[PDB]
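First to last, the sequence lines map onto chains A and B.
Just so you know, the first sequence maps onto residues 3627 to 3659, 3669 to 3737, 3741 to 3861, 3868 to 3914, 3922 to 4091 in the authors' numbering.
Just so you know, the second sequence maps onto residues 1454 to 1494, 1510 to 2024, 2030 to 2237, 2245 to 2346, 2349 to 2361, 2366 to 2383 in the authors' numbering.
One structure is given below, encoded as structure tokens.
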Amino acid sequence: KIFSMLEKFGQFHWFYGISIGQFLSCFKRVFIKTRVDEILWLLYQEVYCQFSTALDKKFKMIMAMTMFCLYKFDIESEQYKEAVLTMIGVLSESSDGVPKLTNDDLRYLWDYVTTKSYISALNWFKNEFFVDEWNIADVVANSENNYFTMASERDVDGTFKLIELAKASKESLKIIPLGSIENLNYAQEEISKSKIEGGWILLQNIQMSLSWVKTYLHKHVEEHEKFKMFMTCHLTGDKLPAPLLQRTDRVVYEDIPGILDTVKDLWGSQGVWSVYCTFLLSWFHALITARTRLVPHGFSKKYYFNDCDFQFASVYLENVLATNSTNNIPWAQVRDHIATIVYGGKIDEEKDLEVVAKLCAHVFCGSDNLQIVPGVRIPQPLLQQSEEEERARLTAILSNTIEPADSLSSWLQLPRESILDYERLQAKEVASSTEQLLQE
Amino acid sequence: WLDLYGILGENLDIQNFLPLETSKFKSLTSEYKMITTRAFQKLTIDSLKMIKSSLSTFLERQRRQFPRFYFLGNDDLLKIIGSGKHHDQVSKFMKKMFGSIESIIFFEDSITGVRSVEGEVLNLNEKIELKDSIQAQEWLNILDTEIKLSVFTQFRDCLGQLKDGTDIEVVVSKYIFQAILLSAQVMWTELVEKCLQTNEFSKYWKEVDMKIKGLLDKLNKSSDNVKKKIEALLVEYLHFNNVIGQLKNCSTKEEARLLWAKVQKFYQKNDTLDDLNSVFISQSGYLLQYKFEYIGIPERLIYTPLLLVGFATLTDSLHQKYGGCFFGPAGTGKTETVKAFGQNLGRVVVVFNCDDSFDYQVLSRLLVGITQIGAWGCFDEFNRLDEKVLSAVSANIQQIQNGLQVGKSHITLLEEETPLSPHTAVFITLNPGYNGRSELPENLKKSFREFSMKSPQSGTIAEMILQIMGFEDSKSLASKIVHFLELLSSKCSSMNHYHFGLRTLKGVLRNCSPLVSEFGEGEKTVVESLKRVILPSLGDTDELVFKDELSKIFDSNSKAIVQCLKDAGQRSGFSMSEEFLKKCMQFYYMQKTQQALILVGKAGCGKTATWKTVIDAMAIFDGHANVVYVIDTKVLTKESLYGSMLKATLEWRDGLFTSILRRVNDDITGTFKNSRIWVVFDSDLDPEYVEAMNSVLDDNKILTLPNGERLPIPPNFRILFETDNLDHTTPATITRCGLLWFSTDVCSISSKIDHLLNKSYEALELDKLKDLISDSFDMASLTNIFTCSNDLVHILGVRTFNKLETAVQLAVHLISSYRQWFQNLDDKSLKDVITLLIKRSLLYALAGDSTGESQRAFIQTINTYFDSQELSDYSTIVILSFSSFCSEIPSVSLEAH
Ligand SMILES: Nc1ncnc2c1ncn2[C@@H]1O[C@H](COP(=O)(O)OP(=O)(O)OP(=O)(O)O)[C@@H](O)[C@H]1O
Ligand SMILES: Nc1ncnc2c1ncn2[C@@H]1O[C@H](COP(=O)(O)OP(=O)(O)O)[C@@H](O)[C@H]1O
Ligand SMILES: [Mg+2]
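Below is the structure:
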């Protein structure tokens, strides 16, 4: 059943095709890492963790929801299945009706969906059933394969994540972009060299040398343990070869859809005042990246905010704090620079400039007590503490922060109706896909 | 031969580098000496071109010796290395290798100084002595160092004088512009910092105001060098006055400090013993180092808030050795912002017009050219590169940035290790969201910092520039100009080529600058400039909208040029109508200031006639000779228009346009000294063909070849575009060109008929026949016939205005053929024969592309619209009497086989 689902996803998009070697390797890894039902449960968790990273966010939640549906329909009774069907129906706006009262999880999801929290309802299945997730690092670490390919939408790249992975594993990359004869020749020479004594190689934009990819890369993957190959492709580009794709692990790098998760990621990617300014910058970047995905009302267009903007704003903050030791830090200067220079260069519309200026005014007000989100308040640093204690305090105040189910509107300070429209459209598409998928 | 003898036959210890090439040179020298002796008493050129193949590595090493040779062609490299003792061929390449330096002043085998493009003279601190045995690169290196040292010495002297308390009006007449600029800006930032130490700003505001008034008063009585110097100092001093006024209007101290941190501040170190690195430029906390390269007297940019924010983001990008990226629509000030930033940082920015023909090797060669020099690279129109090339050069750009950040000495690009100068940087300016342009991959876009400049501040630019010419009323006039442009953009028919951004305003200012000599500094001048720039590009109803709005928002001889155009039209046979002469006036007044012009209209509307007769009028008016190089754009491939690099041996083959540009640049025979050169692109305006000329069309006036050559565009070198529609033409091409729109035909039917008859008669007693043919073309019946022709069904639909070619040519040719039997008949018979023949010609010229029934209908209507001899469906003339086709059929008896 899971295998048929996976080839249905492969029918949906050319990047999501699944071979039998990967699935059987996953089945072996299940035993590598009431007994038959427990084996089934570990199978479900391992296959979800492995094949979630090969899909973008909508297909992630689609597969998570239909897989939890399959498992619980096997385990539970018929009334539970009818309740799940009618709750997906009211999620899909196809069948409207209250589910039959019986345990407790269904009540939680009923409270999630009656409060018009569609995103919470979609992600509640990931919250409850699947208790593990895999990033790029976990995929590369837990793979016996020798070759990797990475796919992402245009105007977003995960090359810096692979660079961070290489620095974490104390390896060496060799960025060889594709597109010209000299680059192809140097790629062949480096491939031979790093096959005969090891080392990592990363190939950029492999969908732009498709003839070379179809010949040389196919015949080389077809035929040192400290050697790895990374490839970068686009989801909306040309069709990569199926025999090449099924022999390489596939990872889809997309921005983290959460807010507190983005703050935690940017905080884990790293005097006292530099730590405070880095914390505020990470919060600002997470909030603006959460806001930029609401196309019609969050911004006037679709804007990208990558690690380069965070790096440049952090460098500017360090430069200001080092060159102003009098501790009367010019918050107006920092606000104007970040809202106008670093994060505002990409912005072309004046209303979006106004809203980024308002966001910078909210996050960099320079007050002793700042309520950056309606739940969490951060104090200013004292004059008798150190860097380690400040980092511990800010990590503790991040851990105690709990993201509510209404964080897409209240945290971004936006009207509810646009959030209702966006979440309703997203949930309707996801539930229509899983209703077309689950019945067959 | 001279180049070969210079590189090998004259220099000592230079033949041992390549002994095989030395032997080949000796054999060719013997053969050519024998040939020259035989001539003094083909194969040689082929042998020379063969032995240039081994000279490629020698030239590459020579370019490694002096890195600025990368901006020169191989032929120019041969010329400069072969200049063993002449020492004049080297001076002609100063503009190619430096950009701001035109030639070197020589005085009795010694270097006195260098001269800028604008005529400014920079005198070196010490004269450079040249010996016979020295080759080019050593004394070019020491001249390069001496230019920077001289610029610093002049800056230090001017800054000491300004610290001494003297007025700037006495020092502007003594030093170069860059020294005055840097010293004045250091004094300005020191005085503003001292005023910021207190709460007092009004006294320095008054001081700066009366300094500006004194400079404006002394402007009118100064030489052209002093005129340009004073104008640039007014640009900078108006920036000073705006900043001081903004600081005075500030309510509190903290916002005053923020506003001060938002603006450039040029300081000077007092402890470092290195003279060339004593000046550092501060902005928003960051510090950038001056380079003291010779700049000259450029056309300085008005310091708009958008320009200041762009400078801030460029400084923020270059503090981490990243790239500068500017994205937005056309005519917004991206490349000019980059160039003004470079001129503020004391170095000439080298601009590259990227193209689809720029493959990985070409772009990487330009990268190793500019990183070895240390120059700043403005990759103009970076979208035009292919996506594969954009992906491929990402590694090279990343290596450049990594070497700049980590302070590495060498970088490995194109399989060769070359030194990395630490003063280099990369800038790109691109226009997203246009048809037929590639998209930058994210792995490349993460190496640049983009900054949107969609909306410039045209009001401030107009106000300050009109103040610089010295208009009595500037604020109200600039506000009226900007409001007029906005309401003209809002109240006109929204067709694709109506663009009213910054470029047309700036063209209005360039047209108003030399028009005050005849209209005076006032509102009449600006309304005349507005007419002369904007009216030729508007339609018919939009012309009425323009006139009504001009009368609403603004209150309000050239006989010689009209006489010259009338004479030219009489010689060419055209008719000086109202519309034709209006288009001639529009083209002449628009080309008087604008170099590149696009002529747009229907097929056969009068474009070629217009520009040919205006060129004839200019030639007969000024007396200057004129050459025209009409190039069919889409007939030739891009590799045949600009040139292609032969990948077999990495040589450059000139395209047609580049060959014409090189021929007009070199000027071997001296005949292009006082001539105007028009190059006409009589084809469709393909974006891929004419956006490779983007740096050519705008104020850069330079053609960036793939092989690094930088051919300057002479002022007397104008480009004409002759097309039919602007459906696929991007606004980047439209705004750079003064457009001339042909809404209707410039010629009436009768005038076209008369012109065709006179031209055909000139292309051939004759007087009586010509008079009878002219009288036979009865225009009163002709217009009815032409109006009745519009009701037919036509295959290969052509308007009836352009069928007069066929009719007139057929009639004249058939009359000339029948002229043999025209001396033995009566006048009435001749008139009837000519009338019948012209009726047949008109039938087969107008309805000849119609069916049999339609041709019968048309021959009936041409019979009833003309006593005259009746033309039938099978009427003909036999050897001179009327007959039919029935009696002309020969009997045919075909055999079986
Ligand atoms: N003022 C005029 N007086 C007489 N003849 C004229 C006049 N203007 C145009 N013509 C005639 O119009 C005809 C077509 O015009 P013209 O040669 O200018 O075409 P064009 O603009 O070059 O067309 P295309 O779209 O083919 O480039 C020519 O034969 C020319 O003689
Ligand atoms: N202060 C100024 N700021 C911006 N542009 C100016 C200024 N003064 C004059 N200009 C004019 O604006 C034009 C800028 O062209 P630009 O937009 O840089 O070309 P591109 O679109 O290729 O970047 C130039 O033709 C220049 O004459
Ligand atoms: Mg540009």
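Even for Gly, the Cβ is constructed at its ideal location relative to N, Cα and C.
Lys1789/B at chain A interface by Cβ criterion, 7 Å: One-based indexing of the second sequence puts residue 1789/B at position 321. Chain A, which has no Cβ nearer than 7 Å to the Cβ of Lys1789/B, makes this no.
Those runs of the alpha helix (DSSP H) which lie wholly inside the segment 1908-1976 of chain B and span at least 4 residues: List check, alpha helix (DSSP H) in window: 1910-1913, 1926-1937 and 1943-1958.
Under 7 Å between C-beta atoms of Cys1626/B and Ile1648/B: Here residue 1626/B refers to the residue found at position 158 when the second sequence is read from its first residue. Here residue 1648/B refers to the residue found at position 180 when the second sequence is read from its first residue. Contact flag set, yes.
8 Å contact criterion, which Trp1844/B and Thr1892/B should meet: CB distance rounded: Translated into the one-based positions of the second sequence, residue 1844/B becomes position 376. Translated into the one-based positions of the second sequence, residue 1892/B becomes position 424. That pair is a contact at about 7 Å.
Supposed contact pair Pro4066/A and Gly4026/A - C-beta distance, whole angstroms, cut 8 Å: Here the question's residue 4026/A lines up with position 375 in the first sequence. Here the question's residue 4066/A lines up with position 415 in the first sequence. Between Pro4066/A and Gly4026/A the Cβ distance is about 19 Å, and since that is not below 8 Å, they are no contact.
Under 9 Å by beta carbon: chain B residues contacting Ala3983/A: For the purposes of this step, residue 3983/A is taken as the residue at position 332 of the first sequence. The answer, in chain order, is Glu1722, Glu1723, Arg1725 and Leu1726.
Between the CA atoms of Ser1690/B and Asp3793/A - distance to the nearest angstrom: Position 155 of the first sequence, counted from the start, is the residue given in the question as residue 3793/A. Position 222 of the second sequence, counted from the start, is the residue given in the question as residue 1690/B. For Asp3793/A and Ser1690/B, the distance between alpha carbons rounds to 55 Å.
Straight-line Cα distance separating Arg1815/B from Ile1763/B: As a first step, residue 1763/B must be located in the second sequence, where it is residue number 295. As a first step, residue 1815/B must be located in the second sequence, where it is residue number 347. In a straight line, the C-alpha of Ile1763/B is about 6 Å away from that of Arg1815/B.
Residue environment, residue 2384/B, which counts as buried when at least 16 other CB atoms sit within 10 Å: This structure cannot speak to residue 2384/B, because chain B is shown only from 1454 to 2383.
is_contact[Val3971/A, chain B] using C-beta, thresh 7 Å: To locate residue 3971/A, count along the first sequence from 1; it is residue 320. So yes, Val3971/A belongs to the interface.
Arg1536/B burial status per 10 Å Cβ neighbour count (16 or more: buried): Looking up residue 1536/B in the second sequence gives position 68. Looking at its Cβ environment, which holds 16 or more other Cβ atoms inside 10 Å, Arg1536/B is buried.
Within chain A, partners of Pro1909/B - CB distance below 7 Å: What you label residue 1909/B is simply residue 441 of the second sequence in a count that begins at 1. Within 7 Å Cβ-Cβ: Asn3843.
Closest Cα partner of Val2035/B within the set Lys2020/B, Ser2113/B and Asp2089/B: What you label residue 2035/B is simply residue 562 of the second sequence in a count that begins at 1. The shortest C-alpha separation from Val2035/B is found at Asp2089/B.
Positions along the segment 1914-1928 of chain B whose CB lies within less than 7 Å of some CB in chain A: Only those residues of the segment 1914-1928 of chain B whose C-beta falls short of 7 Å from the nearest C-beta of chain A are listed: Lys1914, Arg1917, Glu1918, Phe1919, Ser1920 and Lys1922.
Interface flag, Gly1753/B vs chain A, CB-CB below 7 Å: For the purposes of this step, residue 1753/B is taken as the residue at position 285 of the second sequence. Chain A contact via Cβ: present.
Secondary structure of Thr1490/B, DSSP reduced to three states: Looking up residue 1490/B in the second sequence gives position 37. In this structure, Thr1490/B counts as helix in the three-state DSSP scheme.
Chain B contact for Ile4048/A (CB, 7 Å cutoff): Taking the first sequence and counting its residues from 1, the one referred to as residue 4048/A is at position 397. Not one chain B Cβ lies under 7 Å of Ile4048/A.
Element boundaries [alpha helix (DSSP H), containing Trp2125/B]: If you number the second sequence from 1, residue 2125/B lands on position 652. Unbroken run through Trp2125/B is the beta strand (DSSP E), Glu2124 to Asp2127; no alpha helix (DSSP H).
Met3875/A at chain B interface by Cβ criterion, 7 Å: Mapped onto the first sequence, residue 3875/A falls at position 231. Cβ-Cβ to chain B under 7 Å: no for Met3875/A.
Cα-Cα separation between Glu3969/A and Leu1912/B, rounded to whole angstroms: By one-based count along the first sequence, residue 3969/A stands at place 318. By one-based count along the second sequence, residue 1912/B stands at place 444. Computed Cα separation, rounded: 26 Å.
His3988/A: contacting residues in chain B (beta-carbon distance under 9 Å): Indexing the first sequence from 1 puts residue 3988/A at position 337. Within chain B, the residues near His3988/A are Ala1729, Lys1730, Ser1752, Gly1753, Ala1780 and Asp1784.
Any C-beta of chain A under 7 Å from that of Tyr2162/B: For the purposes of this step, residue 2162/B is identified with residue 689 of the second sequence, where counting begins at 1. Cβ-Cβ to chain A under 7 Å: no for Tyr2162/B.
Every unbroken beta strand (DSSP E) inside the segment 2079-2131 of chain B [3 residues or more]: The DSSP assignment places complete beta strand (DSSP E) segments of no fewer than 3 residues inside the segment 2079-2131 of chain B at 2099-2104, 2116-2119 and 2124-2127, in order along the chain.
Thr1897/B CB to nearest heavy atom of ligand 2 below 6 Å: Locating residue 1897/B in the second sequence gives position 429, counting from the first residue. Indeed, a heavy atom of ligand 2 lies less than 6 Å from the Cβ.
Beta-carbon gap between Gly1753/B and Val3966/A smaller than 7 Å: Along the second sequence, read from residue 1 onward, the residue named residue 1753/B stands at position 285. Along the first sequence, read from residue 1 onward, the residue named residue 3966/A stands at position 315. No. Outside cutoff.
Contact test: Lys2080/B Cβ vs ligand 1 heavy atom, cutoff 6 Å: Here residue 2080/B refers to the residue found at position 607 of the second sequence. Flag set: Cβ of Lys2080/B near ligand 1.
Those residues which DSSP pairs with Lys2308/B across a bridge: The residue labelled residue 2308/B in the question sits at position 828 within the second sequence. Bridge partners of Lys2308/B: none, in fact.
Test: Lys1856/B CB closer than 7 Å to a CB of chain A: Here residue 1856/B is taken as the residue at index 388 of the second sequence, counted from 1. Yes - at least one Cβ of chain A is within 7 Å of the one on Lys1856/B.
Partners in chain B for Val3896/A, counting only beta-carbon separations shorter than 7 Å: In the first sequence, residue 3896/A corresponds to position 252, counting from 1. Here the premise fails: no neighbours, minimum Cβ distance about 15 Å.
For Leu1455/B and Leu2213/B, the rounded distance between their alpha carbons: The residue given as residue 2213/B occupies position 740 in the second sequence. The residue given as residue 1455/B occupies position 2 in the second sequence. C-alpha separation (whole angstroms): 48 Å.
Residue from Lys1974/B, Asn1717/B, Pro2204/B and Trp2301/B with nearest C-alpha to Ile2361/B: As a first step, residue 2361/B must be located in the second sequence, where it is residue number 879. Ranking the options by Cα distance to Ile2361/B, first place goes to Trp2301/B.
Ligand 1 heavy atom lying under 6 Å from the CB of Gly1969/B: The residue labelled residue 1969/B in the question sits at position 501 within the second sequence. Incorrect: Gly1969/B has no Cβ contact closer than 6 Å to ligand 1.
Per-residue contacts from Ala2205/B into chain A (C-beta, under 7 Å): By 1-based counting over the second sequence, the position of residue 2205/B is 732. Correct list: empty, because the minimum Cβ distance to chain A is about 17 Å.
Interface flag, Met3696/A vs chain B, CB-CB below 7 Å: On the first sequence, residue 3696/A is found 61 positions in, with the first residue counted as 1. At a cut-off of 7 Å between beta-carbon atoms, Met3696/A makes no contact with chain B.
Any non-hydrogen atom of ligand 2 within 6 Å of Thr1800/B CB: Within the second sequence, numbered from 1, the residue matching residue 1800/B stands at position 332. At least one heavy atom of ligand 2 lies closer than 6 Å to the C-beta of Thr1800/B.
Straight-line Cα distance separating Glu2112/B from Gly1904/B: Position 436 of the second sequence holds residue 1904/B. Position 639 of the second sequence holds residue 2112/B. So the two alpha carbons sit approximately 18 Å from each other.
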